[PDB]
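Heads up, the chain below is alone and in the form deposited without this ligand; it's given as structure tokens.
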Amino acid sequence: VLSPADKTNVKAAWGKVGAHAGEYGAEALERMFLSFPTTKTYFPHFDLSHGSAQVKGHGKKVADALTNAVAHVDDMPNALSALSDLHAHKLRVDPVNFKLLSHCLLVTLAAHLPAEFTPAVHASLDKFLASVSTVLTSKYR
């Protein structure tokens, strides 16, 4: 579960992302596609070249959903309800890939938040992305 301290750590670190969430979401996706190429099997309909409008747009959606989740961290299941439905019933992305994007979002944050990425914050952020991932795969079966 996310402790109160975890929630405090996530709100502070993600709050610092602020206006860059679009950019960081896109970089995390590029990081994932390059490091873990099997994740590209879910985006054959996208131009995945560097800087593409589709990756930038999708990056913003992913980061705004995380903003929503940070903002409603005490009730993520209800706040991400439409997105858990979309992933479970339509996108149907294998659950193993959520750990891959989560790792890449964590690297992205580490690379852009030098002052804020302490060991404690790193653990809280890892736990939060895992909890978001659990909610997004909660209705798969």
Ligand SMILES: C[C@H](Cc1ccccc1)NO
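Residue numbers run from 1 along the displayed sequence.
This protein has a second form, the form deposited with this ligand bound, left out of what is shown; the following refers to that one.
J.: Please state whether all three residues 67, 70 and 109 have a non-hydrogen atom within 4.5 angstroms of this ligand in the deposited bound form.
T.: Judged in the deposited bound form, 67, 70 and 109 all sit within 4.5 Å of this ligand.
J.: I'd like to check something about residue 21: if you look in the deposited bound form, is any of its heavy atoms closer than or equal to 4.5 Å to a heavy atom of this ligand?
T.: Yes.
J.: Residue-level contact is defined here as any heavy atom of the residue lying within 4.5 Å of this ligand in the deposited bound form; does residue 121 satisfy this criterion?
T.: Heavy-atom contact with this ligand at 4.5 Å: absent for residue 121.
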